[PDB]
Amino acid sequence: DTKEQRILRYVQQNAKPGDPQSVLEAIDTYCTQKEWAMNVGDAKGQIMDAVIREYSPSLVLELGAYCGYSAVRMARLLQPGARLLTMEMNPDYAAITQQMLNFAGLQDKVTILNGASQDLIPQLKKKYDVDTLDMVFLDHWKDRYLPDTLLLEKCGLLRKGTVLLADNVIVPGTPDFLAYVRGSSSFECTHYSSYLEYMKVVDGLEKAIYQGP
Ligand SMILES: CNc1ncnc2c1ncn2[C@@H]1O[C@H](/C=C/CNC(=O)c2cc(-c3ccc(F)cc3)cc(O)c2O)[C@H](F)[C@H]1O
Ligand SMILES: [Cl-]
Ligand SMILES: [Cl-]
Ligand SMILES: [Cl-]
Ligand SMILES: [Mg+2]
């Protein structure tokens with residue numbers, strides 16, 4: 001099987017069904033003791049948690065679910081009624097993510113969309129009845145952070161105060177995105193230095209708050 005399949009099994013057998021914390025802990029243990037994987041991890045995850053709690057978003061979009069670790073992290077902190085949409089183009093990973101969220105008991109708060117962001121973003125308003133997003137978590141292919149930020153704006157999905165939170169702005173890095181938001185009067189940016197998941201390597205999150213056109 002695959003590393004991602006190996007990870008979901010561990011959670012099912014080492015976490016409490018319906019207990020998101022036990023799920024996060026099982027994934028962190030597996031990835032530290034057995035096989036590394038590109039989950040956001042606990043170090044950056046704690047920063048994400050602090051951001052989510054601060055802004056209290058009603059509707060969050062995640063680009064790139066992978067195995068559902070960040071989706072579990074965020075969804076567990078959403079207020080009743082608030083929702084997460086997560087886009088994952090790899091059908092195998094989308095299915096792992098859905099099962100991870102089911103196991104955690106978070107399925108009513110999350111919609112996992114199996115498709116590519118560039119195809120799904122233009123459908124959010126008409127098909128998924130979205131007005132604007134309160135927060136966007138970017139964690140998909142690094143060269144797509146900037147194209148998708150520009151597409152979100154084109155599609156009218158950002159409002160004054162929409163929070164963009166971007167993983168991996170140091171490693172692997174997203175140089176065009178980072179230069180763009182830091183240079184744009186339409187974003188107010190903050191850098192949160194941290195560490196690459198499961199590694200003693202510096203990484204960071206960038207928060208970029210949209211200011212309008
Ligand atoms: C392009 N549109 C997409 N739409 C929907 N789902 C997508 C889309 N594009 C990808 N996906 C989906 O988003 C995910 C991909 C995430 C990519 N992430 C990384 O590469 C990444 C890499 C490292 C890393 C660091 C050090 C090192 F030595 C090796 C690797 C660390 C990280 O935290 C990462 O996030 C998923 F796999 C893919 O199907
Ligand atoms: Cl993740
Ligand atoms: Cl609810
Ligand atoms: Cl970590
Ligand atoms: Mg990442």
Side-chain angles (χ1 to χ4, degrees), residues 2-5 7-8 11 18 20 23-24 26-28 30-31 35-49 52 58-98 100-101 104-124 136-152 165-177 192 194-206:
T2 69
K3 174 170 71 176
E4 296 77 23
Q5 272 167 333
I7 292 165
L8 174 66
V11 169
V23 171
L24 297 172
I27 296 166
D28 290 335
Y30 187 87
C31 290
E35 300 179 88
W36 186 90
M38 60 180 179
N39 309 124
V40 64
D42 183 69
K44 288 182 291 173
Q46 285 183 45
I47 298 161
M48 166 185 277
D49 288 353
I52 288 278
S58 287
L59 180 62
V60 180
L61 173 63
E62 172 179 54
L63 304 181
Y66 189 46
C67 292
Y69 180 95
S70 58
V72 172
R73 280 210 92 88
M74 292 185 286
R76 87 193 202 287
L77 297 177
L78 297 182
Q79 292 301 131
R83 298 291 180 254
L84 175 63
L85 304 173
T86 184
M87 296 177 175
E88 177 46 63
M89 68 178 297
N90 180 318
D92 301 293
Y93 296 171
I96 292 167
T97 291
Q98 180 70 249
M100 193 75 73
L101 283 159
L106 294 167
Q107 67 289 336
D108 294 346
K109 295 167 179 295
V110 190
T111 304
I112 303 175
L113 299 179
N114 176 219
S117 56
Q118 62 273 17
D119 296 328
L120 295 170
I121 284 167
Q123 298 185 295
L124 288 176
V136 181
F137 184 52
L138 301 90
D139 196 23
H140 60 330
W141 298 136
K142 310 313 164 197
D143 65 351
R144 303 299 303 190
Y145 284 25
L146 180 56
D148 286 349
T149 293
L150 296 170
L151 181 61
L152 287 163
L165 189 64
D167 194 24
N168 303 121
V169 303
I170 311 299
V171 177
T174 186
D176 64 341
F177 172 84
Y192 300 85
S194 185
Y195 295 90
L196 180 62
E197 53 262 36
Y198 318 119
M199 291 288 291
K200 298 179 177 63
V201 172
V202 171
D203 190 20
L205 299 175
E206 196 79 3

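Positions are given from 1, in the same order as the sequence printed here. Computed over heavy atoms, backbone and side chain alike; hydrogens, waters and symmetry mates excluded. Counting starts at 1 for both ligands and their atoms, following the listed order.
- For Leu120, no heavy-atom contact with ligand 1 is shorter than 4.0 Å.
- Of all the listed residues (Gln118, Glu4, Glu88), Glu88 holds the heavy atom that lies closest to atom 38 (C) of ligand 1.
- Ligand 1 does not have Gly41 within reach: every non-hydrogen atom of the residue lies 4.0 Å or more from it.
- Taking every heavy atom of both residues into account, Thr97 and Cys67 meet most closely at OG1-C, 3.3 Å.
- Using a 3.5 Å distance cut-off with no hydrogens or angles, the side chains of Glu88 and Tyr66 do not pair a donor with an acceptor.
- Shown here, atom 12 (C) of ligand 1 is in close reach of the protein: a heavy atom of it lies under 4.0 Å off.
- Scanning the protein for heavy atoms near atom 18 (N) of ligand 1, the closest one is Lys142 NZ, 3.3 Å.
- Side-chain atoms of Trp36 come within 3.5 Å of backbone N or O of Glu197 as a donor-acceptor pair.
- Using modelled atom types and a 3.5 Å distance limit, the side chains of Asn114 and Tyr93 yield no donor-acceptor pair.
- Looking at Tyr66, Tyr198, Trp141, it is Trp141 that brings a heavy atom closest to atom 15 (C) of ligand 1.
- Atom numbering of ligand 1 starts at 1 in the shown order; those under 4.0 Å from a heavy atom of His140 are 1 (C), 2 (N), 3 (C), 7 (C), 8 (C), 9 (N), 10 (C), 11 (N), 13 (O), 16 (C), 17 (C), 18 (N).
- Residue contacts with ligand 1, taken as heavy atom pairs separated by less than 4.0 Å, involve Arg144 solely via side-chain atoms from C-beta onward.
- A donor-acceptor pair is defined here as one N or O able to donate and one able to accept, closer than 3.5 Å; no such pair exists between the side chain of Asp203 and the backbone of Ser194.
- Among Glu197, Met38, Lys44, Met199, the residue whose heavy atom sits closest to atom 33 (O) of ligand 1 is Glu197.
- Atom 7 (C) of ligand 1 has as its closest protein heavy atom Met89 CG, 3.5 Å.
- The atoms of ligand 1 that sit less than 4.0 Å from any heavy atom of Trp36 are 24 (C), 30 (C).
- Of all the heavy atoms of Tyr145, none lies under 4.0 Å from any atom of ligand 1, so neither backbone nor side chain is involved.
- Between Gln46 and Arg73, the closest heavy-atom pair is N-NH2, 3.9 Å.
- Between the side chain of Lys142 and the main chain of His140, a donor-acceptor pair closer than 3.5 Å is present.
- One distance of note links OG1 of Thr86 with CG of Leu63; it measures 7.5 Å at 0.5 Å rounding.
- If you run side-chain contact (heavy atoms from CB on, under 4.5 Å) between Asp139 and each of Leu165, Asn168, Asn39, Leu205, only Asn168 comes through.
- With no hydrogens or angles considered, no side-chain donor-acceptor pair links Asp176 and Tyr145 at under 3.5 Å.
- With a 4.0 Å heavy-atom cut-off, ligand 1 is reached by the backbone of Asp139 and by its side chain too.
- Atoms of ligand 1 found under 4.0 Å from any heavy atom of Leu196 (numbered from 1 in listed order, with element): 25 (C), 26 (C).
- There is no protein heavy atom less than 4.0 angstrom from atom 28 (F) of ligand 1.
- Considering only non-hydrogen protein atoms, atom 3 (C) of ligand 1 sits nearest to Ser117 OG, 3.6 Å.
- Close contacts of ligand 1 with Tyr93, meaning ligand atoms under 4.0 Å from a residue heavy atom, involve 36 (C), 37 (F), 39 (O).
- Of the protein's non-hydrogen atoms, the one nearest atom 34 (C) of ligand 1 is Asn168 OD1, 3.2 Å.
- Taking only nitrogen or oxygen atoms, main chain and side chain alike, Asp167 reaches within less than 3.5 Å of ligand 1.
- Closest of all the heavy-atom pairs between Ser70 and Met48 is CB-CE, 3.9 Å.
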- Query: side-chain contact (heavy atoms from CB on, under 4.5 Å) between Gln107 and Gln98: does it pass, once the steps are laid out?
  - Reply: CA-CA 8 Å; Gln107 67 289 336; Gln98 180 70 249; 4.2 Å; yes

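- The distance criterion of under 3.5 Å between nitrogen or oxygen atoms is not met by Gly64 with respect to ligand 1.
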